[PDB]
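So the sequence lines, in the order shown, correspond to chains A, B, C, D, E and F.
Under the UniProt record's numbering, the first sequence has 240 at position 104, and the numbering climbs by one with no breaks.
Numbering (the UniProt record's numbering) for the second sequence: 380 to 621, 624 to 672.
Under the UniProt record's numbering, the third sequence has 392 at position 13, and the numbering climbs by one with no breaks.
Under the UniProt record's numbering, the fourth sequence has 579 at position 5, and the numbering climbs by one with no breaks.
Under the UniProt record's numbering, the fifth sequence has 1017 at position 4, and the numbering climbs by one with no breaks.
Under the UniProt record's numbering, the sixth sequence has 84 at position 62, and the numbering climbs by one with no breaks.
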Amino acid sequence: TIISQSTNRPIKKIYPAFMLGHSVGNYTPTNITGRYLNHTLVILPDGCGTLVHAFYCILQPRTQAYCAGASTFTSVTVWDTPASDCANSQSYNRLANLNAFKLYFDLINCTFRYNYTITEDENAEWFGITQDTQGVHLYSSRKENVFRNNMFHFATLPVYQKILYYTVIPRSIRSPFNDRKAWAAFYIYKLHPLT
Amino acid sequence: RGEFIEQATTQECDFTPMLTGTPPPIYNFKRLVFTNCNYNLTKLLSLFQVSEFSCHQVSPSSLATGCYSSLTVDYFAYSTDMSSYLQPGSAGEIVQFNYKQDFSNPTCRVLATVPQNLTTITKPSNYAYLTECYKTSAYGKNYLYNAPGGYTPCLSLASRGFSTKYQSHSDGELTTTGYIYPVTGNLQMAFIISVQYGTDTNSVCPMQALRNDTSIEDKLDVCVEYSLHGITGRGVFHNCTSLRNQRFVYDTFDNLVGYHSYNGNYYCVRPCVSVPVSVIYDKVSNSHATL
Amino acid sequence: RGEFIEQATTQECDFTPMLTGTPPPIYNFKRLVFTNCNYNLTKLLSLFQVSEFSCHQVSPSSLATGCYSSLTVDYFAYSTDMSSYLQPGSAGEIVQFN
Amino acid sequence: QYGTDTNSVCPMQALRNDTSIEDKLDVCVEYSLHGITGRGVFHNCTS
Amino acid sequence: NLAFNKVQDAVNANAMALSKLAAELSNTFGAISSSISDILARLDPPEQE
Amino acid sequence: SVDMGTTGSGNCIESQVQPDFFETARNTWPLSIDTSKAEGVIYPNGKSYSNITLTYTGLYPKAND
Ligand SMILES: *[C@@H]1O[C@H](CO)[C@@H](O[C@@H]2O[C@H](CO)[C@@H](O[C@@H]3O[C@H](CO[C@H]4O[C@H](CO)[C@@H](O)[C@H](O)[C@@H]4O)[C@@H](O)[C@H](O[C@H]4O[C@H](CO)[C@@H](O)[C@H](O)[C@@H]4O)[C@@H]3O)[C@H](O)[C@H]2NC(C)=O)[C@H](O)[C@H]1NC(C)=O
Ligand SMILES: *[C@@H]1O[C@H](CO[C@@H]2O[C@@H](C)[C@@H](O)[C@@H](O)[C@@H]2O)[C@@H](O[C@@H]2O[C@H](CO)[C@@H](O[C@@H]3O[C@H](CO)[C@@H](O)[C@H](O)[C@@H]3O)[C@H](O)[C@H]2NC(C)=O)[C@H](O)[C@H]1NC(C)=O
Ligand SMILES: *[C@@H]1O[C@H](CO)[C@@H](O[C@@H]2O[C@H](CO)[C@@H](O[C@@H]3O[C@H](CO)[C@@H](O)[C@H](O)[C@@H]3O)[C@H](O)[C@H]2NC(C)=O)[C@H](O)[C@H]1NC(C)=O
Ligand SMILES: *[C@@H]1O[C@H](CO)[C@@H](O[C@@H]2O[C@H](CO)[C@@H](O[C@@H]3O[C@H](CO)[C@@H](O)[C@H](O)[C@@H]3O)[C@H](O)[C@H]2NC(C)=O)[C@H](O)[C@H]1NC(C)=O
Ligand SMILES: *[C@@H]1O[C@H](CO)[C@@H](O[C@@H]2O[C@H](CO)[C@@H](O)[C@H](O)[C@H]2NC(C)=O)[C@H](O)[C@H]1NC(C)=O
Ligand SMILES: *[C@@H]1O[C@H](CO)[C@@H](O[C@@H]2O[C@H](CO)[C@@H](O)[C@H](O)[C@H]2NC(C)=O)[C@H](O)[C@H]1NC(C)=O
Ligand SMILES: *[C@@H]1O[C@H](CO)[C@@H](O[C@@H]2O[C@H](CO)[C@@H](O)[C@H](O)[C@H]2NC(C)=O)[C@H](O)[C@H]1NC(C)=O
Ligand SMILES: *[C@@H]1O[C@H](CO)[C@@H](O[C@@H]2O[C@H](CO)[C@@H](O)[C@H](O)[C@H]2NC(C)=O)[C@H](O)[C@H]1NC(C)=O
Ligand SMILES: *[C@@H]1O[C@H](CO)[C@@H](O[C@@H]2O[C@H](CO)[C@@H](O)[C@H](O)[C@H]2NC(C)=O)[C@H](O)[C@H]1NC(C)=O
Ligand SMILES: CCCCC/C=C/C/C=C/CCCCCCCC(=O)O
Ligand SMILES: CCCCC/C=C/C/C=C/CCCCCCCC(=O)O
Ligand SMILES: *[C@@H]1O[C@H](CO)[C@@H](O)[C@H](O)[C@H]1NC(C)=O
Ligand SMILES: [Zn+2]
Ligand SMILES: [Zn+2]
Ligand SMILES: [Zn+2]
């Protein structure tokens, strides 16, 4: 566990989150870099690892405490409560991360809103994203057979402006003091035009 | 030869954004992508008065009777008298800073006039296009040119709007200039259409090609023309018993050898001339036999 | 890959005869030949409203970014509605006598 | 007309002297020398 | 000497094969130029292919 | 403007930024791309192939990245 260098727990799989946009700037109050301007593509997992969101809207910072528009802002962190949200597979909270994200920004003029269902498991998997004229393309290894490492196309997003930047959204799990689980790290490899 | 057509049922493609509202300027063109839907092309084309069309590696008639994997359309307001500036290889400002047509896929260029009775489309005040887009440098102006099918880098600056001829907007390193002139008479528009053909099923088909003439059971022993999910050809289907969730089987040399049909049977696919034939001929008796 | 460009310095090509005075008839067309000079093609093209262009073994965009040994231009007054009579293979009087 | 020798008729947009060949010796580059274009590698030679 | 001449004939054949291979790169084969760079510089993508 | 749900109300939870605890030497577990297992390879769109070797020019990661 990163927070406590002594305790050791079995490793669990966790999904990442990203923000992709066309222009970047500063968070005006704190002068912290990493603010996406105009229409921004956001990919957010939710539902205790059973759902993933995808929307393309303008992020309007909120001036409340510890939010993007305040002077006490440090980072955009999405959280969830396993005790309440992930109590059981029947009462999974599908909007916990989305509700956490809405506290940082007001969502304005969103072009679309998509979601995809993910079967809960512990197998390793791969995720990819590209873009061409048709739009933004998503790839996954859970499409055909999760026990093979090949990635297959499963979605196309209507984003046509050229994407130049992306930023990983950090996650922090508010687990109780009993569990205090450990989360698997993920790795990002850049694609290149190759034979 | 008989016929054999199998097509899935899909919803209608949404062309309402193009048929309602005010078309955008050329530098801020609107793009629509259609997958897994059907369209009534006759209805769409009737709404417009076409002045010219130019297609590459495809024909307009074929676009009304064939299936594709994807359909992309870019449209914007454009005066017909500036048609030459949209032609491939033009040296004008339209190609440099507004729109460059891409030729990596089969495509068509259509110019048309909006009739008066088509009141759902609203006329803009003026036609507009950019004259230059550059970055200030020590040597001079560092012009930025549009990639094929892409947007101009000065798009954000151009969003501020132009109220007079040769009005310039700058935000520091970037500077752009625009040109406007009033719209007279009926509105005129442009349409850049591109299509892609996939080796798998093609889910974008016109309504005129939507049919289920899957009478293959009665046409087993006959050379027929088949059109199965966008795959066309000629062959003979033989009853056969037989990798993944795919309806088509191909050999190493990319020949279609097997098909899975809607009825539930599996058919072997062979060309209409497949059985070898040899003739034994005797010159003395003028007799012949077949093997 | 990098870049490596070397070009000599020359004077400006004189296009003033074409931009001043009255253009001649088609049968008495004016010819200009340019060698060892540079031209500002953007300035020239801006002065005119092009209705049509047809090039052979070259493109107009390439003519604004490439060097040549010689440049020849023939110009005359001509109505646009008679464009078909200037097309290759025409059977009209324009090709035969003008 | 295109000549195999130097082409002395060039547009003003193509008038440049980016002759930084000394720093680009050990690299494949696109060259445009007096109307002659191509790709290649330049090696210091005596002649 | 005919036998001595055949040795020079063999040498000339070896030279001729490489001469044929080298000379074919300078032909345009009906194109506007024998260089791909010239074709890309003088023409646009619809006509370059 | 599609419906994105109920607007958020309240205060954002504070977060502590300590990059030293995350980018230390003890928490370094390198994993390179293994081309023998075809890791990070996107399957070509449309059609499948079986028992064949093909050459493709597209977007792929570098070996041992
Ligand atoms: C996965 O993604 C899908 C698609 O984006 C989401 O489905 C949408 O869910 C939202 C709620 O989050 C729905 O919005 C609500 O729709 C009600 C009825 O809408 C009618 O009209 C629309 C437009 O034609 C149709 O799509 C729809 O079928 C109906 O005919 C409204 O009554 C609601 O308004 C009320 O709630 C909002 C809450 O924000 C208030 O602001 C309003 O004042 C009012 O009280 C609301 O707009 C939306 O219609 C759904 N779309 C579709 C296509 O189904 C899924 O929710 C999402 N799944 C997740 C995140 O788990
Ligand atoms: C983490 O662990 C889970 C659970 O698997 C169990 O615990 C492991 C520690 C091992 O001891 C496993 O043997 C044990 O079952 C792993 O998920 C499981 O992966 C295996 C790997 O083969 C799956 O087996 C497959 O199961 C299907 C069932 O139809 C067959 O078709 C296949 O031939 C094959 O046998 C197994 O089903 C799967 N279980 C679940 C519930 O998903 C997981 O892979 C592992 N993760 C990592 C990264 O090691
Ligand atoms: C593609 O769109 C066109 C135009 O919308 C469709 O054609 C139209 O079809 C309707 C319904 O069949 C016709 O309406 C009928 O018209 C007659 C005219 O006498 C009338 O008696 C009936 O009561 C009825 O209203 C309509 O005329 C016809 N229009 C034209 C111009 O042909 C067409 O069907 C669509 N194609 C597909 C494949 O859906
Ligand atoms: C080719 O010809 C054109 C047109 O003559 C040249 O562009 C022009 O360049 C001049 C001098 O740089 C510009 O004048 C300046 O304009 C600004 C406008 O705000 C003004 O602030 C300055 O005081 C000055 O007058 C002129 O605007 C510009 N015109 C256009 C239409 O771009 C061009 O430089 C020539 N090219 C070459 C390579 O010589
Ligand atoms: C974003 O903030 C950074 C600092 O966090 C700004 O960089 C400063 O720029 C000013 C003005 O040139 C300099 O005086 C400072 O020294 C810079 N600070 C640092 C730490 O380098 C940056 O300009 C801001 N960007 C925008 C677009 O506002
Ligand atoms: C994208 O966001 C930027 C920054 O928020 C917007 O740029 C502003 O635009 C207004 C209106 O034209 C200008 O008056 C401001 O000076 C600009 N601000 C900055 C910091 O550049 C821009 O308008 C947005 N893009 C679009 C298409 O609305
Ligand atoms: C979101 O879209 C709305 C509706 O298109 C925009 O609201 C318009 O804003 C302009 C510019 O300020 C006003 O002149 C219009 O009157 C507004 N229209 C309506 C119907 O309210 C709005 O600007 C967009 N929000 C952004 C870009 O942040
Ligand atoms: C042609 O017939 C096939 C087979 O009946 C149709 O496929 C069915 O489509 C319906 C909806 O219309 C689905 O509920 C069924 O599950 C489909 N069956 C199978 C086996 O896939 C197909 O839609 C028809 N195509 C037409 C009428 O254009
Ligand atoms: C590029 O640089 C060369 C080398 O300096 C220039 O050639 C010189 O041109 C001047 C006049 O501008 C003559 O007086 C010199 O004799 C030339 N030198 C040589 C070695 O020939 C050339 O003009 C420059 N080209 C540009 C600036 O376009
Ligand atoms: C009407 C202009 C007359 C030009 C007279 C002399 C020109 C010297 C060289 C010119 C290069 C060819 C430009 C062709 C432009 C066609 C229209 C376009 O593609 O934009
Ligand atoms: C409008 C004329 C109609 C002619 C009707 C019958 C013609 C018999 C044969 C004609 C030869 C072809 C002439 C084509 C001329 C094209 C215009 C031009 O290149 O000048
Ligand atoms: C941010 O930078 C501005 C200058 O642009 C400065 O006035 C302000 O105090 C800075 N804010 C913080 C929190 O450092
Ligand atoms: Zn896609
Ligand atoms: Zn048979
Ligand atoms: Zn060398």
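Every residue, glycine too, gets a C-beta built ideally from N, C-alpha and C.
Identification of residues in the stretch 468-486 of chain B having a C-beta nearer than 7 Å to some C-beta of chain E yields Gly468 and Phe482, given in sequence order. For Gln546(B), the secondary structure class from DSSP, reduced to helix, strand or coil, is strand. DSSP places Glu472(C) inside the alpha helix (DSSP H), whose first and last residues are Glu472 to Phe476. By the CB criterion at 9 Å, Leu330(A) and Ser159(A) fall outside the cutoff. By the beta-carbon neighbour count (other beta carbons within 10 angstroms, threshold 16), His435(C) is exposed. Cβ-Cβ distances below 6 Å link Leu411(B) to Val452 in the same chain, with the five nearest sequence neighbours on each side left out; the list follows chain order. Within chain B, the residues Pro467 and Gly468 have their CB atoms less than 7 Å from the CB of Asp1057(E), given in chain order. Between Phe541(B) and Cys512(B), the gap from beta carbon to beta carbon reaches 9 Å or more. Ranked by Cα distance from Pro165(A), the first of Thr292(A), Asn233(A), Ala223(A) and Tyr202(A) is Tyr202(A).
Only exposed fits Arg316(A), as fewer than 16 other CB atoms lie within 10 angstroms of its CB. According to DSSP, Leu424(C) shares a beta bridge with no other residue. Collapsing the DSSP output to three states places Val304(A) in a strand. The residues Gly62, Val63 and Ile64, in chain order, have a CB closer than 8 Å to that of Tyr82(F) in the same chain once the five nearest residues on each side in sequence are set aside.
The Cβ atoms of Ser469(B) and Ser463(C) lie no closer than 9 Å to each other.
Ligand 1 approaches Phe248(A) closely enough that one of its heavy atoms is under 8 Å from the residue's Cβ. Here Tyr522(B) is exposed: its Cβ has fewer than 16 other Cβ atoms, across all protein chains shown, within 10 Å.
Taking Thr580(D) as the centre and dropping the five residues before and after it, the same chain places the C-beta of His608 and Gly609 closer than 7 Å to its C-beta, in chain order. Using beta-carbon distances, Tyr296(A) counts as an interface residue toward chain B, with a partner under 9 Å.
Residues of the stretch 646-671 of chain B with a Cβ closer than 7 Å to any Cβ of chain F: none. With respect to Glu552(B), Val489(B) sits apart: the two C-beta atoms are not nearer than 9 Å. The beta carbons of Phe383(B) and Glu604(B) sit closer together than 9 Å. Just so you know, the alpha carbons of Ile405(B) and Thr556(B) end up roughly 14 Å apart.
For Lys238(A) against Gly30(F), the beta-carbon gap comes to about 4 Å, under 8 Å, which counts as contact.
Its Cα nearest to that of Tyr478(B), the residue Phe455(B) stands out among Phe455(B), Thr671(B) and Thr486(B).
Within the chosen limit of 8 Å, ligand 2 reaches the beta carbon of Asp257(A) through at least one heavy atom.
Look at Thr137(A) here: in three-state DSSP terms it is coil, with no helix or strand label.
When beta bridges are read from the DSSP output, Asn581(D) appears opposite no residue.
With its beta carbon at least 9 Å from every one in chain E, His548(B) lies outside the interface. Inclusion of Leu426(B) and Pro503(B) in the CB contact set at 9 Å is not warranted, their separation being larger than that value.
In this structure the stretch 23-42 of chain F lies against the stretch 190-207 of chain A, because at least three pairs of beta carbons, one per stretch, are closer than 8 Å. When 7 Å is used as the limit between beta carbons, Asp579(B) is near these residues of chain F: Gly68 and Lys69, in chain order. Within chain B, the residues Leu624 have their CB atoms less than 8 Å from the CB of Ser72(F), given in chain order. Assignment of beta-bridge partners to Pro197(A) by DSSP yields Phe241(A). In the three-state reduction of the DSSP assignment, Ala569(B) falls in the strand class.
The beta carbons of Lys544(B) and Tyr524(B) sit no closer together than 9 Å.
Its chain contains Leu672 as the residues whose beta carbon lies nearer than 6 Å to that of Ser659(B), once the 5 sequence neighbours on both sides are disregarded; these appear in chain order.
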